[PDB]
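K.L.:
So that we are looking at the same thing, I have put the structure below in structure tokens.
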Amino acid sequence: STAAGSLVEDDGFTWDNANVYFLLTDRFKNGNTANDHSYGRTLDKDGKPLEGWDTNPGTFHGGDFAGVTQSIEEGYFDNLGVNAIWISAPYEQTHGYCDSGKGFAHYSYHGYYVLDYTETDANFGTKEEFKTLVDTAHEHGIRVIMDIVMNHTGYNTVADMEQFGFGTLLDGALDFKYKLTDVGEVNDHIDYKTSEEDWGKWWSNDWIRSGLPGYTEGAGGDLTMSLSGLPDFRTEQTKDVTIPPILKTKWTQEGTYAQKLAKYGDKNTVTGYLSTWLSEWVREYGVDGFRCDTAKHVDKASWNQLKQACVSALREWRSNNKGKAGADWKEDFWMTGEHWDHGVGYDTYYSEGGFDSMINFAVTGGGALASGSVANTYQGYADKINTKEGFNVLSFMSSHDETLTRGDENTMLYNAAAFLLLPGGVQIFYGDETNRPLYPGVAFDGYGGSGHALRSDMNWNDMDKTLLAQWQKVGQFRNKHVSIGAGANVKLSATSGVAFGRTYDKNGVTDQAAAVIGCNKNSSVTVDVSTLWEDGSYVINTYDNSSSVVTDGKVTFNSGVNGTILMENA
Numbered sequence: 045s046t047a048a049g050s051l052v053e054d055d056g057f058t059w060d061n062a063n064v065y066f067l068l069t070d071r072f073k074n075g076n077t078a079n080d081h082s083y084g085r086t087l088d089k090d091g092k093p094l095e096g097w098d099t100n101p102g103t104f105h106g107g108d109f110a111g112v113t114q115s116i117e118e119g120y121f122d123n124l125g126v127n128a129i130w131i132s133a134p135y136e137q138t139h140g141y142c143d144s145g146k147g148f149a150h151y152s153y154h155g156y157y158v159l160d161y162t163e164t165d166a167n168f169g170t171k172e173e174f175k176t177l178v179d180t181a182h183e184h185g186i187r188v189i190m191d192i193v194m195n196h197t198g199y200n201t202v203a204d205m206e207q208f209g210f211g212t213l214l215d216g217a218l219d220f221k222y223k224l225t226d227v228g229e230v231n232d233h234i235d236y237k238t239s240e241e242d243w244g245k246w247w248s249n250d251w252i253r254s255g256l257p258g259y260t261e262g263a264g265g266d267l268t269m270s271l272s273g274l275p276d277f278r279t280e281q282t283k284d285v286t287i288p289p290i291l292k293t294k295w296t297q298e299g300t301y302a303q304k305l306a307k308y309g310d311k312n313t314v315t316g317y318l319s320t321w322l323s324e325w326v327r328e329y330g331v332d333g334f335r336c337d338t339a340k341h342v343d344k345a346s347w348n349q350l351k352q353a354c355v356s357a358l359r360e361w362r363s364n365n366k367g368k369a370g371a372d373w374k375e376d377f378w379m380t381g382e383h384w385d386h387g388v389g390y391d392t393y394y395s396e397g398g399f400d401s402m403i404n405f406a407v408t409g410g411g412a413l414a415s416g417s418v419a420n421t422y423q424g425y426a427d428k429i430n431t432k433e434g435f436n437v438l439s440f441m442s443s444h445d446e447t448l449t450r451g452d453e454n455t456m457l458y459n460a461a462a463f464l465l466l467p468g469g470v471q472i473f474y475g476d477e478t479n480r481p482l483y484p485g486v487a488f489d490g491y492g493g494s495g496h497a498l499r500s501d502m503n504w505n506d507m508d509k510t511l512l513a514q515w516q517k518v519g520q521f522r523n524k525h526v527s528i529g530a531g532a533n534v535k536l537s538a539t540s541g542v543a544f545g546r547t548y549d550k551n552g553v554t555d556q557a558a559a560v561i562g563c564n565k566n567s568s569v570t571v572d573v574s575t576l577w578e579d580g581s582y583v584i585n586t587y588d589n590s591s592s593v594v595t596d597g598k599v600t601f602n603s604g605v606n607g608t609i610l611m612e613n614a
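In this text, residue positions in the sequence shown follow the authors' numbering: the first is 45, and each later residue adds one.
Next comes the structure, spelled out in structure tokens:
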């Protein structure tokens with residue numbers, strides 16, 4: 045089998061050691077200022093950008109594939125040792141905005157609110173720039189995790205419902221398109237009820253379960269609930285359907301309609317289409333994996349097909365593009381589910397769902413990383429995850445929905461080490477490396493809320509170079525050492541703080557690595573690594589490239605300014 049996380053790829057990547065830079069594309073660099081224009085988003089009635097457009101915390105600041113590309117070209121990620129980029133979904137989002145309720149326009153900047161799995165969002169860019177991006181990413185060896193949604197559609201928005209004539213826009217809806225702030229009224233202009241035919245032009249009842257007229261809601265919680273009021277794809281359903289009415293409309297405003305049908309055909313299951321269209325991105329550009337949003341909320345059987353489709357598609361793409369960047373990769377199409385508050389433990393997502401990975405919430409807020417506990421946290425995870433194939437997690441301590449962890453320089457320094465050293469994958473949410481603050485503005489909204497507090501603009505002006513160094517040094521260390529995610533934890537004895545080792549021995553991966561966290565500064569740590577390393581082994585403390593041979597099991601590194609020691613085998 046080639047199930048994602050069952051070999052090490054030629055370049056040393058494995059989904060067991062995923063270091064996933066989750067970036068909201070809008071919030072990274074606006075690398076092409078023309079994109080801000082796309083679909084008339086940020087502009088007024090004259091086509092001039094609205095005054096606050098780049099500051100309003102839910103408008104598109106304009107971050108784009110090109111500026112992500114520039115970030116890659118700059119090697120920002122490469123300095124962090126990131127090996128997967130989880131972009132906000134690249135397919136064409138909902139053009140307009142929904143009411144954030146915190147008063148500002150929530151423009152879909154985050155890339156969940158799908159409009160068309162076949163097209164790119166012109167604010168992120170063309171397919172060519174996307175092709176360029178994924179080629180750039182694959183050129184850098186960064187896996188593009190596409191952050192797809194198969195659960196739910198985007199919300200309907202004025203700009204779409206204008207452009208595609210679906211649903212009902214009431215009078216003055218359009219003017220809201222020209223507003224950044226005090227836009228909670230916006231939905232009062234969108235009529236979710238009066239006609240099944242206007243909404244009939246949106247997806248279809250055979251495609252959506254929702255409160256929309258027709259569109260019958262799903263039976264109950266989890267696999268059939270409209271999470272956050274997002275309309276939910278009837279991926280449960282084996283019924284054959286057409287292309288959705290909105291996409292009859294869209295593709296006929298364009299010309300490609302007839303080409304597409306000749307590619308998809310008129311009849312499939314919703315899963316089979318969504319398989320088809322989503323796996324087309326895999327079929328066309330070779331996207332490496334999906335973070336499945338809300339995996340808890342649609343049928344694991346339907347999630348099962350999708351992987352096999354995207355498995356099938358990536359095989360095709362890898363057949364077409366032979367010698368393209370990433371045509372030769374071998375791990376099957378990796379799929380991770382955001383089961384909310386998932387711990388560590390083998391469950392049917394890895395079997396019914398065919399998921400390779402689940403997002404592990406137990407690390408949120410660093411509570412598991414407190415020096416009074418983190419010793420055992422690394423044991424509890426490595427035993428569970430790194431012993432069961434097809435079993436993995438993606439640990440995170442900040443996210444677009446949960447928390448954004450801030451405190452004393454030492455706590456950021458400390459949690460930076462204590463966090464990224466976790467077994468399994470880790471999610472570097474953007475700007476944690478930089479001390480990116482919460483946005484000055486409407487009060488905090490994490491813990492599974494809209495997380496706008498967490499999604500402030502990337503503070504490129506003010507990068508906390510010292511904290512950056514920490515996340516760079518630790519992140520590069522993690523990236524090089526697959527055992528950090530994939531290896532069995534051995535607890536180690538140290539003079540101060542906490543220490544551990546890890547071994548990994550599968551698929552020839554044959555890797556082992558250690559660390560010490562929070563050791564008292566500028567001082568000889570004397571940590572017993574005898575369980576990893578025989579006493580002639582050299583650690584290199586990759587925090588500063590200092591070297592200290594083991595002695596009677598101990599190594600005697602200077603703990604340096606931040607008391608963090610990143611102890612690879614030389």
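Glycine is no exception: its CB is placed at the ideal position from the N, C-alpha and C atoms.
Please classify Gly-299 as buried or exposed, where buried requires at least 16 neighbouring CB atoms within 10 angstroms.
P.N.:
The residue in question, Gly-299, is exposed, as its Cβ has fewer than 16 Cβ neighbours within 10 Å.
K.L.:
For the alpha helix (DSSP H) that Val-594 lies in, which residues bound it at each end?
P.N.:
Counting along the chain, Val-594 falls outside any alpha helix (DSSP H), and DSSP gives it neither H nor E.
K.L.:
Please list the terminal residues of the continuous alpha helix (DSSP H) segment that includes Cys-354.
P.N.:
Looking at the DSSP string, the run of the alpha helix (DSSP H) that includes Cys-354 is 344-364.
K.L.:
May I ask you to check if the CB of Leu-465 is nearer than 7 Å to at least one heavy atom of the ligand NAP?
P.N.:
The ligand NAP is absent from the structure shown, which contains no ligands of any kind.
K.L.:
Mapping the DSSP letters down to three states, classify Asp-160 as helix, strand or coil.
P.N.:
Strand.
K.L.:
Runs of 4 residues minimum, wholly inside the stretch 498-533: which ones carry the alpha helix (DSSP H) assignment?
P.N.:
Counting only runs of 4 or more, we get 509-524 and 527-530.
K.L.:
Ends of the beta strand (DSSP E) at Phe-440?
P.N.:
Segment 437-440, the beta strand (DSSP E) holding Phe-440.
K.L.:
Is there at least one Cβ from chain B nearer than 8 Å to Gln-514's Cβ?
P.N.:
Of the chains in the structure shown, none is chain B; there is only one protein chain.
K.L.:
How many angstroms separate the CA atom of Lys-223 from the CA atom of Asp-232?
P.N.:
Going from the Cα of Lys-223 to the Cα of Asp-232 covers about 14 Å.
K.L.:
Take every Cβ of the stretch 411-425, pair it with every Cβ of the stretch 389-401, and state whether three or more of those distances are shorter than 8 Å.
P.N.:
Taking 8 Å as the limit for Cβ pairs, the verdict is that the stretch 389-401 does not touch the stretch 411-425.
K.L.:
Can you give the beta carbon distance from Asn-61 to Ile-472, rounded, assuming they're within the 8 Å contact cut?
P.N.:
Going by Cβ atoms, the distance from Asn-61 to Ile-472 rounds to 13 Å, so no, they are not a contact pair.
K.L.:
So, for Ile-561: in the same chain, excluding its five sequence neighbours on each side, which residues have a beta-carbon less than 6 Å away from its beta-carbon?
P.N.:
Closer than 6 Å at Cβ, skipping near neighbours: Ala-461, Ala-462, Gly-541 and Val-542.
K.L.:
Let's see if you can read the secondary structure: which residues bound the alpha helix (DSSP H) around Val-178?
P.N.:
Unbroken alpha helix (DSSP H) run through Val-178: 171-183.
K.L.:
Can you give the Cα-Cα distance for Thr-180 and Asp-215, rounded to whole angstroms?
P.N.:
For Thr-180 and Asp-215, the distance between alpha carbons rounds to 44 Å.
K.L.:
Any idea which residues DSSP pairs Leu-536 with across the strands?
P.N.:
For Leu-536, which the question treats as bridged, DSSP gives the partners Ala-543.
K.L.:
By DSSP, does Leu-466 sit in helix, in strand, or in coil?
P.N.:
Coil at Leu-466, not helix or strand.
K.L.:
State buried or exposed for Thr-554, treating a residue as buried only when at least 16 other CB atoms are found within 10 Å of its CB.
P.N.:
So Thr-554 ends up on the exposed side.
K.L.:
Given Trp-378, which residues of its chain have a CB within under 6 Å of its CB, disregarding the five upstream and five downstream residues?
P.N.:
For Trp-378, where only same-chain residues beyond five positions count, the Cβ hits under 6 Å are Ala-48, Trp-59, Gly-333 and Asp-400.
K.L.:
Are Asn-167 and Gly-111 touching if we call contact CB-CB under 8 Å?
P.N.:
Cβ atoms of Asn-167 and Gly-111: not closer than 8 Å.
K.L.:
Rounded C-beta distance between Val-569 and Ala-538? I'm assuming under 8 Å.
P.N.:
So it is a contact: roughly 6 Å between Cβ atoms.
K.L.:
Any idea what DSSP makes of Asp-108, helix, strand or coil?
P.N.:
It is coil, neither helix nor strand.
K.L.:
How big is the Cα-Cα spacing for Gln-520 and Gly-604?
P.N.:
Computed Cα separation, rounded: 18 Å.
K.L.:
Quick check: what's the CA-CA separation for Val-534 versus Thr-380?
P.N.:
Those two C-alpha atoms are separated by around 27 Å.
K.L.:
What residue range is occupied by the uninterrupted alpha helix (DSSP H) comprising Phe-377?
P.N.:
Per DSSP, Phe-377 belongs to no alpha helix (DSSP H) and is neither H nor E.
K.L.:
Can you round the beta-carbon distance between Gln-207 and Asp-165 to whole angstroms, since I take them to be within the 8 Å contact cut?
P.N.:
Actually they do not touch by this definition, with Cβ atoms about 13 Å apart.
K.L.:
Please list, in chain order, all residues of the same chain as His-182 whose beta carbon is under 6 Å from its beta carbon, the five residues on each side excluded.
P.N.:
Taken in chain order, the residues that qualify are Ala-369 and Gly-370.
K.L.:
Measure the C-alpha to C-alpha separation of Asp-204 and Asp-90 and round it to an integer number of angstroms.
P.N.:
Their backbone Cα atoms lie some 19 Å apart in a straight line.
K.L.:
If we ignore side chains and look at the alpha-carbon of each, how far apart do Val-52 and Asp-549 end up?
P.N.:
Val-52 and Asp-549: Cα-Cα distance of roughly 11 Å.
K.L.:
Touch check for the stretch 227-241 and the stretch 140-159: three-plus C-beta pairs under 8 Å?
P.N.:
Taking 8 Å as the limit for Cβ pairs, the verdict is that the stretch 140-159 does touch the stretch 227-241.
K.L.:
Assuming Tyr-483 contacts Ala-497 under a Cβ cut-off of 8 Å, what Cβ separation, rounded to an integer in Å, is found between them?
P.N.:
Between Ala-497 and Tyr-483 the Cβ distance is about 6 Å, and since that is below 8 Å, they are a contact.
K.L.:
Classify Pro-275 as helix, strand or coil using the three-state DSSP reduction.
P.N.:
The answer is coil: DSSP assigns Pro-275 none of H, G, I, E or B.
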